[PDB]
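Let us start with two forms of the same protein chain, each given on its own as structure tokens and named structure 1 and structure 2.
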Structure 1
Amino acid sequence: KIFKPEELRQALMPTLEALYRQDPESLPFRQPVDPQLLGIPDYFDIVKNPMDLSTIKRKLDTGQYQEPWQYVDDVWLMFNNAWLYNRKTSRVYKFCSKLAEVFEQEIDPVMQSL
């Protein structure tokens, strides 16, 4: 099965929009973590492969996911990075958990249809 790039984008986009719709929970995820601006030099020692919503959106818009599971892997990468780096009761961690709840609800039927 070979996916047409614009069809894959159309099918997956609503799941990404669902994440952006979460306010305030998407706010820490709408742009990359910048350890230099934040002064957290330990971040890239723990998070080897950073990911965020803006990067996923760009990849989804520019034919970078040839198969749906590649998009799903990047969403989970974003979540797992945040859940590894941050305290469980931190705002980021709690917001991450809400996005993951929304994502699983939205993605499951889409992947079955694809």
Structure 2
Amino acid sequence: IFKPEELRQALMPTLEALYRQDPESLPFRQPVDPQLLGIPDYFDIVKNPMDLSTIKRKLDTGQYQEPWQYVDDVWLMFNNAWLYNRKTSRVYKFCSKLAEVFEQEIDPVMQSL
């Protein structure tokens, strides 16, 4: 069993690392509005959207019972962005960096729990 406070205290810095990255995290900070961007095929391809603000909300309200659940959600966010965008799109490169930074911070923390 984990309590909501310990999970937030343990994992929030890894999420903060992602938020720290400017301008990489900016498009990930809130959920996409595909009609606004003119990419109306987005929810055809990305079946389960995920963004930093949803992950932060779940960690703040303790909707994660287990730390794997917070880790699924981060990878869901990256896998969505890699699924939808071309390898040469600016969002692709951004997702690639945040993914890069997330590995450096997550591994030590998961061993700690």
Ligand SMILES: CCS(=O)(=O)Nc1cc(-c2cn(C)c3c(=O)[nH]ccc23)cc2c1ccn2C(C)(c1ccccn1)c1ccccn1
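Throughout, rigid core stands for the largest set of C-alpha atoms superposing within 1.5 Å between the two forms. FYI, numbering is relative to structure 1, first residue = 1.
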Just to confirm, one of these is the form deposited without the ligand and one is not; which one is it?
1
Give the C-alpha shift of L12 between structures 1 and 2, in Å, after superposing the two forms on their rigid core.
0.2
Please report, in Å, how much the Cα atom of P41 moves between structures 1 and 2 when the rigid core is superposed.
2.1
